[PDB]
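Before any questions on binding or motion, here is one chain by itself as structure tokens, the form deposited in one PDB entry.
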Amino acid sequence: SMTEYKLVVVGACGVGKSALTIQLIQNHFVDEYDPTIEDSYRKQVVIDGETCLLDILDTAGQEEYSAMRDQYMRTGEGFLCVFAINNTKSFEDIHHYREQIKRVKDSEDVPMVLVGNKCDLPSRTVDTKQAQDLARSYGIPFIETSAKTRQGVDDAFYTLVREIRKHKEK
């Protein structure tokens, strides 16, 4: 039937992985903090004139359990690597996340999008140029988002689907 795409959302605690996913799926935002154990969602979307089915894994940012990420990185087809533009440490964690995905996939070519979230907030500490440069060095797209305003939310997930498509048909 329609193609299913297995997306996985990763990044440090509090960057907004869940807020982005719930905005995509349920069209709302609450400012409450419900730290994730692990959640799965489904949504069908039209991308480039074709319907497809998104299967989204929303993961925990807990550093304590970093050695338990391997099984979901094996099954996931593409990864949203999320940091918050007002949290420099979350941006520095990105390298460690991408490196872990590369090791588990044993590939330097894994579908991935770098996401700079919370772009509605003032006092940004990670500059857009600094993030675009890093994504350029990885060869992956970079998108700035706000789960609060919905800015870029659809674009982030749709772009990741396009990356997975290109990889499968390569």
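Note that residue numbering follows the sequence shown and begins at 1.
Absent from the display: the form solved in complex with a partner chain. The rest refers to it.
Between its partner chain and the residues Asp133, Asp70, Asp120, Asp127, the one pair within 4.5 Å by heavy atoms in the deposited complex involves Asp70. Taking the partner from elsewhere, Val15 is found to have every heavy atom lying beyond 4.5 Å of its partner chain in the deposited complex. The closest non-hydrogen atom of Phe91 lies beyond 4.5 Å of its partner chain in the deposited complex. When contacts are judged by a 4.5 Å heavy atom cut-off, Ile47 does not count as touching its partner chain in the deposited complex. Its partner chain is not drawn, but in the deposited complex it has no heavy atom within 4.5 Å of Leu20.
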